[PDB]
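See below for the structure under consideration.
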Amino acid sequence: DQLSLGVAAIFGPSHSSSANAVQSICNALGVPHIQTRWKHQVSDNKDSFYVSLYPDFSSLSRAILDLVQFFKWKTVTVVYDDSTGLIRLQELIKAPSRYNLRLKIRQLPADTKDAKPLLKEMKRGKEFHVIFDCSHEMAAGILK
Amino acid sequence: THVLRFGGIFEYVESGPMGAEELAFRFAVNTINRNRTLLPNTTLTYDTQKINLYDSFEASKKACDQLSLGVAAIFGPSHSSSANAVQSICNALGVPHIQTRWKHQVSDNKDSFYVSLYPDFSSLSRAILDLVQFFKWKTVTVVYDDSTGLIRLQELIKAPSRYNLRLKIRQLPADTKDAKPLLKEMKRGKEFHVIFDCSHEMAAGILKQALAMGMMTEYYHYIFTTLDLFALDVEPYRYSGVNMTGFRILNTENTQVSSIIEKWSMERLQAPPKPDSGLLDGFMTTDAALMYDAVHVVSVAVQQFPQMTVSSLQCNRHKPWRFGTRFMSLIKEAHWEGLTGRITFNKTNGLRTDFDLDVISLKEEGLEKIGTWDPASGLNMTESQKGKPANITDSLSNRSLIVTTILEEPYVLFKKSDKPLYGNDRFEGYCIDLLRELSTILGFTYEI
Amino acid sequence: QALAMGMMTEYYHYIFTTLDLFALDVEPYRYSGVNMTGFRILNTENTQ
Ligand SMILES: *[C@@H]1O[C@H](CO)[C@@H](O[C@@H]2O[C@H](CO)[C@@H](O)[C@H](O)[C@H]2NC(C)=O)[C@H](O)[C@H]1NC(C)=O
Ligand SMILES: *[C@@H]1O[C@H](CO)[C@@H](O)[C@H](O)[C@H]1NC(C)=O
Ligand SMILES: *[C@@H]1O[C@H](CO)[C@@H](O)[C@H](O)[C@H]1NC(C)=O
Ligand SMILES: *[C@@H]1O[C@H](CO)[C@@H](O)[C@H](O)[C@H]1NC(C)=O
Ligand SMILES: *[C@@H]1O[C@H](CO)[C@@H](O)[C@H](O)[C@H]1NC(C)=O
């Protein structure tokens with residue numbers, strides 16, 4: 001209803017699923033789709049009518065790896081919120097092949113904010129080098 | 001009396017005859033119409049049409065064309081991006097969206113009208129986890145194929161906190177099947193345990209290169225994930241001694257099932273697989289298994305519910321259909337038995353969490369059941385406990401080995417705690433050790 | 001048939017005897033790690 005109305009620069013949703021609909025809209029008709037949040041590429045899609053200005057997790061997940069090298073850690077305890085977030089960290093999970101990192105990946109609980117049992121388990125496990133991976137609205141609630 | 005029009009979306013078969021899911025779907029429409037036991041006074045029909053699996057707009061046109069034609073259930077495409085297009089069609093109108101493919105589920109995707117008969121990796125990866133306590137490993141080296149691999153095994157990747165392991169997750173190279181630089185690093189890593197996680201087509205492709213990389217010894221103890229492990233031409237690997245354990249859902253231990261599978265392979269004499277692939281020729285893929293198991297589950301639903309019919313609803317004017325709010329509650333409450341055995345959905349989210357499995361492994365004769373898994377019960381595995389054969393403890397070399405014993409200190413002093421006990425520990429000392437120290441070397445159950 | 005019975009590791013070493021070992025289809029075995037040290041009298045390292 002914007003395309004039949006006549007537009008030039010669809011700027012897309014901010015979500016995974018509703019993006020890939022409007023991208024394949026924008027592949028057929030020819031209008032550029034322009035994204036803002038990172039979505040999950042399916043790696044075999046022939047779509048090239050899209051750009052995405054979210055900083056790609058190809059390089060962010062690599063940049064985190066260099067910054068854990070810098071601190072010379074051994075016992076990182078990677079924590080995410082949604083299963084998409086594990087894909088957002090692939091250069092860190094593949095690292096124990098390369099280096100002597102020893103991850104222990106553990107998940108913020110579903111349908112809630114309650115990060116007590118995480119931190120309950122996290123204290124007794126004696127880990128101290130934890131990487132979070134969650135939205136900043138979520139993230140402030142853990143530190144509370 | 002009524003036709004109850006089905007259809008849906010399938011793979012485009014650019015110059016080949018037909019894709020293997022679509023053959024099962026027409027074979028499912030056939031089989032119910034012959035056997036009149038299922039479905040009184042009705043028949044079934046289908047409107048199949050193809051997409052490129054990556055063009056959701058092609059799917060969203062071709063879905064709503066069948067909706068404008070009027071269907072009774074869209075049976076959906078077979079790809080993640082093309083699912084969520086047709087997923088959101090069936091949420092909008094109320095028609096069901098019976099799937100045969102695991103897709104990524106968005107965590108906040110508030111939908112109702114869909115099921116997916118492919119067993120959830122929420123449960124399935126607990127089963128792969130259930131083996132590595134049974135096989136008593138420590139040093140798993142999970143190998144995914146693309147970025148959706150590492151999201152499937154999330155219950156496996158969240159292991160090493162407990163059941164203690166040491167995960168070294170590494171990735172198959174994209175854009176090729178050249179796993180030689182990948183496997184060469186695994187050899188110098190001494191990584192003798194690995195949970196290959198890909199299709200069966202890749203699972204032939206790595207082994208056939210892992211055979212040339214000298215990785216197929218009696219040391220290496222592969223575990224696959226694909227539910228068509230019983231479709232590999234395992235014949236060249238069979239004598240070597242490789243322990244490629246795995247899974248299947250497709251129960252070949254039923255006459256009625258295996259009759260269909262050979263009735264199938266006569267129908268799909270059309271489209272033979274090319275020989276050098278490393279794959280077999282006559283085999284039910286587990287996708288075409290779930291596709292044929294799907295239409296039964298819908299057919300047993302309309303058995304449970306008459307008077308269901310076809311209206312023609314239009315995506316241009318968003319309107320809830322009529323019957324789906326009744327009828328989706330029929331589908332989600334189903335307990336059909338089929339090619340995958342106990343189809344039973346989940347009264348929560350429309351997945352498949354309860355299902356039975358066989359654990360098949362490569363013994364020297366071939367693939368062979370070594371037990372049964374389900375969400376309860378853990379690994380019920382018929383180990384057929386060794387140390388039996390026609391014997392107990394050699395029965396004459398170890399009769400009771402009755403030993404003439406005097407109590408003398410420090411040789412045999414006396415073993416007391418309180419409250420008179422028995423066995424060989426009625427006495428203790430230097431010779432009582434030399435009883436068991438001569439027994440620890442050779443092996444004989446002795447008696448004072 | 002050594003390959004189909006998993007004896008083509010990095011541990012084995014098969015000295016062949018025949019004087020045609022060079023003319024053998026060594027391509028699937030090559031990457032593995034057997035060291036099939038054999039012989040040749042044929043002198044293919046000479047242009048004429
Ligand atoms: C790895 O494989 C060997 C043989 O491939 C396993 O040994 C078993 O050996 C008996 C002979 O006494 C055979 O009859 C069985 O069929 C073999 N079992 C299997 C599953 O192949 C050995 O137990 C395996 N070990 C590990 C750690 O996987
Ligand atoms: C039709 O299916 C039913 C199962 O509901 C079975 O009992 C019956 O034997 C089948 N008919 C034939 C001819 O196989
Ligand atoms: C339809 O099937 C029913 C059984 O449910 C049977 O009684 C009836 O004779 C059949 N035919 C018609 C025309 O209704
Ligand atoms: C339904 O799905 C949830 C989420 O996976 C699962 O925990 C639950 O046990 C399922 N219900 C049944 C009947 O098992
Ligand atoms: C499964 O059940 C018990 C152990 O759970 C065992 O006795 C039985 O033999 C197993 N197998 C079958 C086919 O019931």
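FYI, nothing fancy with the structure tokens labels: chains A, B, ... in order, residues from 1 per chain, ligands from 1 as they appear.
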
Within 8 Å of ligand 5 (only C-alpha atoms and all ligand atoms), residues as a PyMOL selection string = chain B and resi 371-372+377+379-382

Residue subset to file, keeping N, CA and C atoms, as a PDB file, in the first residue's frame:
ATOM      1  N   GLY B 371      18.569 -49.546  20.755  1.00  0.00           N
ATOM      2  CA  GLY B 371      17.710 -49.038  21.804  1.00  0.00           C
ATOM      3  C   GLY B 371      16.682 -48.058  21.285  1.00  0.00           C
ATOM      4  N   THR B 372      15.988 -47.427  22.231  1.00  0.00           N
ATOM      5  CA  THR B 372      14.832 -46.595  21.936  1.00  0.00           C
ATOM      6  C   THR B 372      14.816 -45.395  22.873  1.00  0.00           C
ATOM      7  N   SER B 377      11.898 -41.382  30.213  1.00  0.00           N
ATOM      8  CA  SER B 377      12.575 -42.678  30.258  1.00  0.00           C
ATOM      9  C   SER B 377      14.062 -42.659  29.919  1.00  0.00           C
ATOM     10  N   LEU B 379      17.416 -42.969  27.728  1.00  0.00           N
ATOM     11  CA  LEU B 379      17.803 -43.941  26.708  1.00  0.00           C
ATOM     12  C   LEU B 379      17.544 -45.352  27.219  1.00  0.00           C
ATOM     13  N   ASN B 380      16.386 -45.888  26.864  1.00  0.00           N
ATOM     14  CA  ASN B 380      16.172 -47.316  27.009  1.00  0.00           C
ATOM     15  C   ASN B 380      16.977 -47.991  25.914  1.00  0.00           C
ATOM     16  N   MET B 381      18.098 -48.609  26.265  1.00  0.00           N
ATOM     17  CA  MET B 381      18.987 -49.198  25.274  1.00  0.00           C
ATOM     18  C   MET B 381      19.233 -50.660  25.597  1.00  0.00           C
ATOM     19  N   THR B 382      18.807 -51.531  24.685  1.00  0.00           N
ATOM     20  CA  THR B 382      18.939 -52.970  24.840  1.00  0.00           C
ATOM     21  C   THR B 382      20.392 -53.359  24.645  1.00  0.00           C
TER      22      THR B 382
END

All residues having an atom within 7 Å of ligand 1 (only C-alpha atoms and all ligand atoms) as a PDB file with C-alpha atoms, in the first residue's frame:
ATOM      1  CA  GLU B 218      38.207 -47.681  14.938  1.00  0.00           C
ATOM      2  CA  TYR B 219      39.066 -44.667  17.106  1.00  0.00           C
ATOM      3  CA  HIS B 221      33.114 -42.253  17.116  1.00  0.00           C
ATOM      4  CA  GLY B 241      35.108 -50.161  12.583  1.00  0.00           C
ATOM      5  CA  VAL B 242      33.765 -46.640  12.753  1.00  0.00           C
ATOM      6  CA  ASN B 243      31.125 -45.967  15.392  1.00  0.00           C
ATOM      7  CA  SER B 361      24.537 -47.525  14.947  1.00  0.00           C
ATOM      8  CA  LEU B 362      27.114 -49.060  12.632  1.00  0.00           C
ATOM      9  CA  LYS B 363      27.890 -52.575  13.678  1.00  0.00           C
ATOM     10  CA  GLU B 364      29.916 -54.759  11.300  1.00  0.00           C
TER      11      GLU B 364
END

Tell me which protein, DNA and RNA residues are within 10 Å of region 194-196 of chain B, counting only C-alpha atoms, leaving out same-chain ones fewer than 4 positions away, and put them as number ranges by chain.
-> B: 128, 139-145, 167-169, 171-172, 186, 202-203, 206, 220-226, 244-246

Only N, CA, C and O atoms, please: the residues just picked out, written as a compact mmCIF listing (two decimals), in the first residue's frame.
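Final output, saved to part.txt:
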# COMPACT_ATOMS: atom_id res chain seq x y z
N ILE B 128 20.54 -36.18 21.80
CA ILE B 128 21.95 -36.23 21.48
C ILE B 128 22.77 -35.96 22.72
O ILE B 128 23.83 -36.56 22.93
N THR B 139 34.75 -34.88 25.42
CA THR B 139 35.40 -33.94 24.51
C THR B 139 34.73 -33.80 23.15
O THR B 139 35.40 -33.86 22.12
N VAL B 140 33.41 -33.62 23.14
CA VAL B 140 32.58 -33.36 21.97
C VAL B 140 33.11 -32.21 21.12
O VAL B 140 33.66 -31.25 21.65
N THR B 141 33.00 -32.31 19.79
CA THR B 141 33.45 -31.28 18.86
C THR B 141 32.38 -31.01 17.80
O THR B 141 32.55 -31.39 16.65
N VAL B 142 31.21 -30.53 18.24
CA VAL B 142 30.05 -30.20 17.41
C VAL B 142 30.41 -29.48 16.12
O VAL B 142 31.24 -28.57 16.12
N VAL B 143 29.85 -29.94 15.00
CA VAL B 143 30.15 -29.38 13.69
C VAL B 143 28.83 -29.02 13.01
O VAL B 143 28.08 -29.89 12.58
N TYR B 144 28.53 -27.73 12.94
CA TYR B 144 27.34 -27.28 12.24
C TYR B 144 27.70 -26.91 10.81
O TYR B 144 28.87 -26.84 10.44
N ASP B 145 26.69 -26.67 9.98
CA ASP B 145 26.94 -26.42 8.56
C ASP B 145 26.70 -24.98 8.16
O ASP B 145 27.44 -24.43 7.34
N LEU B 167 33.34 -28.41 24.93
CA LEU B 167 32.83 -28.21 23.59
C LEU B 167 33.80 -27.41 22.74
O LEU B 167 34.34 -26.40 23.19
N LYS B 168 34.02 -27.84 21.50
CA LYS B 168 34.96 -27.15 20.64
C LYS B 168 34.32 -26.87 19.29
O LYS B 168 34.88 -27.27 18.26
N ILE B 169 33.15 -26.23 19.30
CA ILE B 169 32.27 -26.06 18.15
C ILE B 169 32.99 -25.40 16.99
O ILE B 169 33.48 -24.28 17.10
N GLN B 171 33.03 -25.10 12.41
CA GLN B 171 32.05 -24.87 11.36
C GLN B 171 32.55 -25.39 10.02
O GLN B 171 33.68 -25.11 9.63
N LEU B 172 31.69 -26.15 9.33
CA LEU B 172 31.89 -26.55 7.94
C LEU B 172 32.06 -25.33 7.06
O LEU B 172 31.41 -24.31 7.28
N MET B 186 41.10 -31.17 12.72
CA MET B 186 40.50 -32.05 13.71
C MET B 186 41.42 -33.22 14.03
O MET B 186 41.41 -33.73 15.16
N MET B 202 24.88 -33.68 3.02
CA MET B 202 26.18 -33.30 3.53
C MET B 202 26.83 -34.44 4.27
O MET B 202 28.05 -34.63 4.19
N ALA B 203 26.04 -35.25 4.97
CA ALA B 203 26.61 -36.30 5.81
C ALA B 203 27.23 -37.42 4.99
O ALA B 203 28.05 -38.19 5.49
N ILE B 206 30.76 -35.32 3.77
CA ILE B 206 31.90 -35.18 4.66
C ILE B 206 32.59 -36.51 4.88
O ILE B 206 33.82 -36.60 4.76
N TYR B 220 37.64 -43.12 15.92
CA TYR B 220 36.64 -42.08 15.74
C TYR B 220 35.23 -42.64 15.91
O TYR B 220 34.92 -43.76 15.51
N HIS B 221 34.39 -41.83 16.54
CA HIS B 221 33.11 -42.25 17.12
C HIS B 221 32.04 -41.23 16.80
O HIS B 221 31.45 -40.62 17.70
N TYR B 222 31.84 -40.97 15.52
CA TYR B 222 30.88 -40.01 14.98
C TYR B 222 29.47 -40.13 15.54
O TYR B 222 29.04 -41.22 15.91
N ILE B 223 28.74 -39.02 15.63
CA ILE B 223 27.31 -39.02 15.90
C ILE B 223 26.69 -38.06 14.90
O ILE B 223 27.12 -36.92 14.80
N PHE B 224 25.69 -38.50 14.16
CA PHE B 224 25.05 -37.59 13.22
C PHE B 224 23.80 -37.00 13.85
O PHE B 224 23.49 -37.21 15.03
N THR B 225 23.06 -36.21 13.08
CA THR B 225 21.86 -35.60 13.60
C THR B 225 20.69 -35.89 12.68
O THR B 225 19.56 -36.10 13.13
N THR B 226 20.98 -35.91 11.38
CA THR B 226 19.99 -36.03 10.31
C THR B 226 19.16 -37.30 10.48
O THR B 226 19.66 -38.35 10.89
N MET B 244 29.60 -44.73 13.97
CA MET B 244 28.74 -43.63 13.60
C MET B 244 27.33 -43.88 14.14
O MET B 244 26.45 -44.45 13.49
N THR B 245 27.14 -43.46 15.37
CA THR B 245 25.86 -43.61 16.05
C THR B 245 24.95 -42.52 15.52
O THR B 245 25.43 -41.56 14.91
N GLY B 246 23.64 -42.63 15.68
CA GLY B 246 22.78 -41.56 15.21
C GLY B 246 21.35 -41.70 15.65
O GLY B 246 21.08 -42.17 16.76

Could you tell me, counting only C-alpha atoms and all ligand atoms, which protein and nucleic acid residues lie no more than 8 Å from ligand 4, written as JSON, numbers by chain?
-> {"B": [122, 123, 345, 346, 347, 348, 349, 351, 352, 353, 354]}

Just N, CA, C and O atoms for this one: save the residues we selected as an mmCIF file, in the first residue's frame.
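After the write, result_39.cif holds the following:
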data_model
loop_
_atom_site.group_PDB
_atom_site.id
_atom_site.type_symbol
_atom_site.label_atom_id
_atom_site.label_comp_id
_atom_site.auth_asym_id
_atom_site.auth_seq_id
_atom_site.Cartn_x
_atom_site.Cartn_y
_atom_site.Cartn_z
ATOM 1 N N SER B 122 14.381 -28.752 20.546
ATOM 2 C CA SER B 122 14.243 -28.660 21.992
ATOM 3 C C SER B 122 14.295 -30.045 22.618
ATOM 4 O O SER B 122 14.945 -30.257 23.647
ATOM 5 N N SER B 123 13.614 -31.008 22.003
ATOM 6 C CA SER B 123 13.664 -32.370 22.512
ATOM 7 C C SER B 123 14.809 -33.143 21.894
ATOM 8 O O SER B 123 15.481 -33.918 22.582
ATOM 9 N N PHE B 345 0.935 -33.915 19.054
ATOM 10 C CA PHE B 345 1.337 -32.521 19.065
ATOM 11 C C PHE B 345 1.328 -31.975 20.480
ATOM 12 O O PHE B 345 1.280 -32.716 21.464
ATOM 13 N N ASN B 346 1.482 -30.656 20.587
ATOM 14 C CA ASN B 346 1.592 -30.036 21.931
ATOM 15 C C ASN B 346 0.488 -28.996 22.139
ATOM 16 O O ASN B 346 0.432 -28.047 21.357
ATOM 17 N N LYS B 347 -0.319 -29.140 23.186
ATOM 18 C CA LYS B 347 -1.470 -28.287 23.473
ATOM 19 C C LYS B 347 -1.084 -26.863 23.826
ATOM 20 O O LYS B 347 -1.945 -25.984 23.864
ATOM 21 N N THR B 348 0.202 -26.619 24.057
ATOM 22 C CA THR B 348 0.843 -25.312 24.009
ATOM 23 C C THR B 348 1.076 -24.955 22.547
ATOM 24 O O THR B 348 0.219 -25.233 21.700
ATOM 25 N N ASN B 349 2.136 -24.192 22.284
ATOM 26 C CA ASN B 349 2.689 -23.976 20.950
ATOM 27 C C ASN B 349 2.643 -25.219 20.064
ATOM 28 O O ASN B 349 2.908 -26.335 20.514
ATOM 29 N N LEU B 351 4.002 -27.231 18.225
ATOM 30 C CA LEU B 351 5.108 -28.109 17.886
ATOM 31 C C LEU B 351 4.866 -29.576 18.185
ATOM 32 O O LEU B 351 3.747 -29.998 18.500
ATOM 33 N N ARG B 352 5.943 -30.349 18.098
ATOM 34 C CA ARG B 352 5.949 -31.791 18.315
ATOM 35 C C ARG B 352 7.079 -32.069 19.294
ATOM 36 O O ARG B 352 8.248 -32.114 18.916
ATOM 37 N N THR B 353 6.723 -32.250 20.553
ATOM 38 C CA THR B 353 7.693 -32.383 21.620
ATOM 39 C C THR B 353 7.763 -33.815 22.120
ATOM 40 O O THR B 353 8.815 -34.255 22.589
ATOM 41 N N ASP B 354 6.691 -34.577 21.934
ATOM 42 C CA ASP B 354 6.604 -35.964 22.373
ATOM 43 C C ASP B 354 6.670 -36.846 21.132
ATOM 44 O O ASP B 354 5.790 -36.771 20.268
#

Atom-to-atom span, CA of residue 99 (chain B) and CA of residue 75 (chain B), Å |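 Computing it gives 6.0 Å between the two atoms.
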
Fewer than 5 positions away in the same chain doesn't count, so skip those; otherwise give me all residues within 12 Å of residue 426 (chain B), counting only C-alpha atoms, as number ranges by chain.
-> B: 405, 407, 412-421, 432, 447-448

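For ligand 2, the protein and nucleic acid residues at most 10 Å away, judged by only C-alpha atoms and all ligand atoms, amount to residues 31, 32, 34, 35, 36, 37, 38, 39, 256, 300, 336 and 337 of chain B.
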
Any chance you can output those residues with N, CA, C and O atoms as a short mmCIF file (atom, residue, chain, number, x, y, z; two decimals), in the first residue's frame?
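Final output, out.cif:
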data_model
loop_
_atom_site.label_atom_id
_atom_site.label_comp_id
_atom_site.auth_asym_id
_atom_site.auth_seq_id
_atom_site.Cartn_x
_atom_site.Cartn_y
_atom_site.Cartn_z
N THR B 31 -3.88 -42.37 -1.28
CA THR B 31 -3.99 -43.56 -0.43
C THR B 31 -5.25 -43.52 0.42
O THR B 31 -5.88 -44.56 0.67
N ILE B 32 -5.69 -42.33 0.79
CA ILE B 32 -6.88 -42.18 1.62
C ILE B 32 -8.11 -42.46 0.75
O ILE B 32 -9.11 -42.99 1.23
N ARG B 34 -8.34 -44.52 -1.83
CA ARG B 34 -8.52 -45.95 -2.06
C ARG B 34 -9.09 -46.61 -0.80
O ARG B 34 -10.17 -47.19 -0.84
N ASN B 35 -8.36 -46.51 0.31
CA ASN B 35 -8.84 -47.08 1.56
C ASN B 35 -9.97 -46.27 2.17
O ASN B 35 -9.71 -45.28 2.86
N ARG B 36 -11.22 -46.69 1.97
CA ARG B 36 -12.38 -45.92 2.42
C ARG B 36 -12.64 -46.01 3.92
O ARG B 36 -13.63 -45.44 4.39
N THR B 37 -11.80 -46.75 4.65
CA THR B 37 -11.90 -46.84 6.11
C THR B 37 -11.75 -45.46 6.73
O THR B 37 -12.60 -45.03 7.51
N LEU B 38 -10.68 -44.77 6.37
CA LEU B 38 -10.61 -43.34 6.62
C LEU B 38 -11.56 -42.64 5.67
O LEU B 38 -11.76 -43.10 4.54
N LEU B 39 -12.14 -41.53 6.12
CA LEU B 39 -13.05 -40.69 5.33
C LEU B 39 -14.28 -41.36 4.73
O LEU B 39 -14.27 -41.78 3.57
N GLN B 256 3.19 -52.83 8.09
CA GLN B 256 2.34 -51.85 7.41
C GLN B 256 3.13 -50.64 6.94
O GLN B 256 2.83 -50.08 5.89
N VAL B 300 -7.32 -37.47 9.82
CA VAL B 300 -7.98 -37.99 11.02
C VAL B 300 -8.68 -36.85 11.74
O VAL B 300 -9.61 -37.08 12.51
N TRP B 336 -2.60 -39.75 15.89
CA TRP B 336 -2.40 -40.67 14.78
C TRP B 336 -1.09 -41.44 14.86
O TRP B 336 -0.08 -40.91 15.34
N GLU B 337 -1.09 -42.69 14.39
CA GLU B 337 0.14 -43.46 14.25
C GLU B 337 0.50 -43.55 12.78
O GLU B 337 -0.36 -43.85 11.95
#

Pick out the residues sitting within 8 Å of region 13-24 of chain C, and hand them over as a ChimeraX atom specification; count only C-alpha atoms, and ignore anything fewer than 2 positions along from it in its own chain.
-> /C:11,26,34-42

Neighbours of ligand 3 within 8 Å, counting only C-alpha atoms and all ligand atoms, as a ChimeraX atom specification?
-> /B:1,40-41

Output for the residues just chosen: N, CA, C and O atoms as a short mmCIF file (atom, residue, chain, number, x, y, z; two decimals), in the first residue's frame:
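Resulting contents of part-v1.cif:
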data_model
loop_
_atom_site.label_atom_id
_atom_site.label_comp_id
_atom_site.auth_asym_id
_atom_site.auth_seq_id
_atom_site.Cartn_x
_atom_site.Cartn_y
_atom_site.Cartn_z
N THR B 1 -18.81 -36.81 -0.85
CA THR B 1 -19.78 -35.75 -1.11
C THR B 1 -19.04 -34.44 -1.33
O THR B 1 -19.37 -33.67 -2.22
N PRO B 40 -15.38 -41.46 5.50
CA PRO B 40 -16.72 -41.49 4.89
C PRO B 40 -17.05 -40.18 4.18
O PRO B 40 -16.22 -39.26 4.15
N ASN B 41 -18.29 -40.00 3.72
CA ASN B 41 -18.59 -39.70 2.32
C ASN B 41 -17.87 -38.48 1.78
O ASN B 41 -18.50 -37.45 1.52
#

Which residues in region 36-99 of chain A does DSSP call alpha helix (DSSP H)? List them as JSON, numbers by chain.
-> {"A": [57, 58, 59, 60, 61, 62, 63, 64, 65, 66, 67, 68, 69, 70, 84, 85, 86, 87, 90, 91, 92, 93, 95, 96, 97, 98]}

Mind pulling up the distance from CA of residue 105 (chain B) to CA of residue 26 (chain B)?
->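 Pair CA of residue 26 (chain B) / CA of residue 105 (chain B) returns 28.0 Å.
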
Could you pull out all residues of chain A with a DSSP call of strand (DSSP E) and give them as a ChimeraX atom specification?
-> /A:33-35,50-52,79-80,106-107,132-133

Per residue of chain A within 7 Å of chain B, note the shortest atom pair and the distance in Å to one decimal, counting only C-alpha atoms, and order the rows by chain and increasing residue number, as a tab-separated table.
residue	atom	partner	partner_atom	distance
A:17	CA	B:84	CA	6.4
A:20	CA	B:81	CA	6.5
A:21	CA	B:56	CA	6.0
A:24	CA	B:57	CA	5.4
A:25	CA	B:57	CA	5.6
A:45	CA	B:54	CA	5.6
A:83	CA	B:151	CA	6.1
A:86	CA	B:151	CA	6.8
A:87	CA	B:147	CA	6.4
A:93	CA	B:169	CA	6.7
A:94	CA	B:170	CA	5.4
A:96	CA	B:168	CA	5.6
A:97	CA	B:168	CA	5.5
A:104	CA	B:161	CA	5.9
A:105	CA	B:158	CA	5.3
A:106	CA	B:158	CA	5.8

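If you look at CA of residue 127 (chain B) and CA of residue 207 (chain B), they are 22.5 Å away from each other.
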
Would you write out, as a tab-separated table, a table of all residues in chain B that have an atom no more than 8 Å from an atom of chain C, listing for each the closest atom pair and the distance in Å to one decimal, considering only C-alpha atoms and ordering rows by chain and rising residue number?
residue	atom	partner	partner_atom	distance
B:212	CA	C:28	CA	5.6
B:213	CA	C:32	CA	4.4
B:214	CA	C:32	CA	4.4
B:215	CA	C:9	CA	7.4
B:216	CA	C:6	CA	6.3
B:217	CA	C:6	CA	5.2
B:218	CA	C:6	CA	7.4
B:236	CA	C:4	CA	5.4
B:237	CA	C:4	CA	5.9
B:238	CA	C:4	CA	7.4
B:239	CA	C:5	CA	4.9
B:240	CA	C:5	CA	3.9
B:241	CA	C:6	CA	7.0

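Within the 7 Å cut-off around residue 101 (chain A), using only C-alpha atoms and omitting residues fewer than 3 positions from it on the same chain, the listed residues are residues 73, 74, 75, 95 and 96 of chain A.
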
Just the selected residues (C-alpha atoms), exported as a PDB file, in the first residue's frame, please.
ATOM      1  CA  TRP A  73      40.824 -14.350  29.682  1.00  0.00           C
ATOM      2  CA  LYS A  74      40.299 -18.083  30.053  1.00  0.00           C
ATOM      3  CA  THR A  75      36.879 -18.543  31.585  1.00  0.00           C
ATOM      4  CA  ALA A  95      37.243 -19.613  19.505  1.00  0.00           C
ATOM      5  CA  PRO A  96      38.094 -22.682  21.764  1.00  0.00           C
TER       6      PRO A  96
END

Best match for closeness to residue 266 (chain B) among B:279, B:284, B:156, B:74, counting only C-alpha atoms |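 Checking each of B:279, B:284, B:156, B:74 against residue 266 (chain B), counting only C-alpha atoms, the winner is B:284.
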